[PDB]
């Protein structure tokens, strides 16, 4: 399960209720230290599509990170979803299956279902942990992208829609890092 909700659509008709308090002391068991090829490749093509001339040393670095975060984020999320009651809006689910249907079927609905749950949970902890991406951060982020790259990002600086779009993405990578920062992990290499 690759649990890592913005690519398409950035309050939702779906609701998430916290049934029990979360146990940040219960250690999370991590099942694997690696990822499958299909996944490393899908991301490698993503890094080459934005940094055509990206070197090797670079890829390993970024890719290595993608694996740990993914293995850790997924396992922490699988515990966190256990403290919530979810009411997934009938139509909202079909709209998510769309942005995913454009990029066999029950799999897509399982996926759409996980995108939504994640959303609701992140909405929740943002409160608890008090997390925010300021305009400063966003602006610097776009700038650094124009330096290492060279394409037009001007469109992102001055256009409320696009600019606020980058804030969302940044906010997602931060909740992930934040979720991971709040748990002790145990790696199941031999036993549990």
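Positions refer to the first chain, counted from 1.
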Residue 103 to residue 104: deposited residues without atomic coordinates = 4 to 9
May I ask you to compare 113 to 121 and 67 to 75 by their mean CA B factor in the entry and name the higher one?
-> 113 to 121
Looking at the deposited entry, does 31 to 39 or 123 to 131 carry the larger mean Cα B-factor?
-> 123 to 131
Using the temperature factors in the entry, find which of 62, 136, 164, 158 has the highest value at its Cα atom.
-> 158
If you rank every modelled residue in this chain by C-alpha B factor, which third holds residue 12: lowest, middle or highest?
-> highest
